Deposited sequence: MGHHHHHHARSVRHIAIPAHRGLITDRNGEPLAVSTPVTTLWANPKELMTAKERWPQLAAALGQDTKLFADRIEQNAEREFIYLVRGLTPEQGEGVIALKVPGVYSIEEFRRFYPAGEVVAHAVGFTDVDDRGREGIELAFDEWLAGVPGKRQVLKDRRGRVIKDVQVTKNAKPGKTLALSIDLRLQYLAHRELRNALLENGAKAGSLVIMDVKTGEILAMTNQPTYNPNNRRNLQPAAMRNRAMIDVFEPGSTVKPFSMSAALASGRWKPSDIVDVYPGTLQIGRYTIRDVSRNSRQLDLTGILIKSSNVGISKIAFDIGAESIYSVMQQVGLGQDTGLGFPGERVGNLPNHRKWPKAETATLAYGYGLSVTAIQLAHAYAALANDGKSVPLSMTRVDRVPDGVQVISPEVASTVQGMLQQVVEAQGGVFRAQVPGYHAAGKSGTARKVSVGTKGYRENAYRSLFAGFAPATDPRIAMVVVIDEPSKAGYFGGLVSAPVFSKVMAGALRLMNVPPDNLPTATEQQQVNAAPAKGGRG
């Protein structure tokens, strides 16, 4: 005797108010079979107007002849819905429902996400903020006889309360650029998949989060599972060489190391019992601390790790958020793993230092680079617009963080460095990685402007299927292109 009035779901906008998910009116048709059974001559026209087969439709009504309510179709356009009401079939009733429209479609599919057949969040923000966005359904009183004829909508028991508007931290302008450049990078490199995250180092905001493959959330048929994966938050991977800046932060905080110190890495290998630590380039002897990062020496970083101890390194990585809960509350978001010991064996000490054996998400890696860029201060991650910035936690000392920033600027700008990550007009800083899963993931993590950091970025390219696979070759030019555009879109003054 009482029906549910569906509430208008809260609008999702980007940080500048551009619409990202909009509640659109749709017409749901239901029928009182007992009443339909008195107008059988009308069924074929009704069947056609609903997009059902004549006999299948008549089979469906006959079976439910005793029932007082059945749905005919859900989510017709109010125009298609009018056409059925125009038929004037006895026992046919309509309910005004809501279906989401995603104006930017595939461009921000994984971050915004989508709703199910019931207008409930299923993925991404739609799911995470489902309670805020859903509002509360209405309740009304109706007069119905024995044949089930809806005589009159007597009174409203409770009025439907709409959902609340939500402004994301995402900047659709930076999102379009990140989407486009990641898509082009995947095609050029013949890659299986990719992720790209942009963060505001000062506010903790995620300014862009894109993955490949993507999907159109407006095309509700086919939807391929693999295409719907929000890899940036769900795919865990070994960060490899991109963790070396954190091992270096612990070295500089220990009091035992300064940038001009030297480590002898010759012959480019180091035996630790059954295990052998190996460098890619094996034509070095003495390297200073910056040289260890430029050359990306697994041996160099392992030797520093043995001197300072793995506890100091684990602590920096844990404090920056590697293998830690982001607090974003996205159901199914992976936390990964950061290994821990009471007594760190030599092999585990070395592997921790060069990012082997730990598992992280592109979001955690981006958040960690944000803390280092933000002069050692970690500001809580946010997927919504931050108007009042929360207090950050000083995780790395400002002096150490500033020293590490300078070394990462030399990684990008020095002789033998990652020249493809250079951002024309600006001083950029970062570190490449290559993680053997022969199948690899190409990685680049960095920030800019090196002199006053504003944005951190992580580019992850999964299984590049061309001549070059190293992070410095495959992901570094994507960071370059996306950073050059993002800094200019944010009117960041060039610092070079």
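- In sequence order, the gaps in C-alpha coverage of the deposited chain fall at 1 to 12, 450 to 459, 519 to 538.
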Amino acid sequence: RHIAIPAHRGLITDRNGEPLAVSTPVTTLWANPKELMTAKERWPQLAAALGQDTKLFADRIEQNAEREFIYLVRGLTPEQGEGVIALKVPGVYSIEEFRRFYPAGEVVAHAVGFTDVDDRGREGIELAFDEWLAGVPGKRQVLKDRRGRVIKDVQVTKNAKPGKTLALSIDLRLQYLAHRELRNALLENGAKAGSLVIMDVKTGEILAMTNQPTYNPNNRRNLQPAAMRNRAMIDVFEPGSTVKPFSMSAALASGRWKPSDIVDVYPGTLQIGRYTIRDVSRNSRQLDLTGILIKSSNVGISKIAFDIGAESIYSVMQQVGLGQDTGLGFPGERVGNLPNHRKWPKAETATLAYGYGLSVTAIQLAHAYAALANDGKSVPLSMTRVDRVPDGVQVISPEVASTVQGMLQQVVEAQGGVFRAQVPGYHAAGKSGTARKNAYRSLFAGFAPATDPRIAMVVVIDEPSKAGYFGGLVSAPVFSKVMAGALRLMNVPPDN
From here on, numbers count along this sequence of modelled residues.
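- Relative to its counterpart among 85 to 93 and 318 to 326, 85 to 93 has the higher mean temperature factor, C-alpha atoms as listed in the PDB entry.
- As the entry records it, the average C-alpha temperature factor is higher for 73 to 81, out of 176 to 184 and 73 to 81.
- Within the selection 148, 417, 390, 398, the deposited Cα B-factor values reach their highest point at 148.
- Out of 272, 386, 248, 263, the entry records its largest CA B-factor for 272.
- The PDB entry assigns residue 200 a C-alpha temperature factor belonging to the lowest third of its chain's modelled residues.
- Ranked by Cα temperature factor within the chain, residue 311 sits in the middle third according to the deposited record.
- Residue 441 sits in the middle third of its chain by CA B factor, as recorded in the PDB entry.
- Ranked within its chain, residue 194 lands in the lowest third, by CA B factor from the PDB record.
- Ranked within its chain, residue 473 lands in the highest third, by CA B factor from the PDB record.
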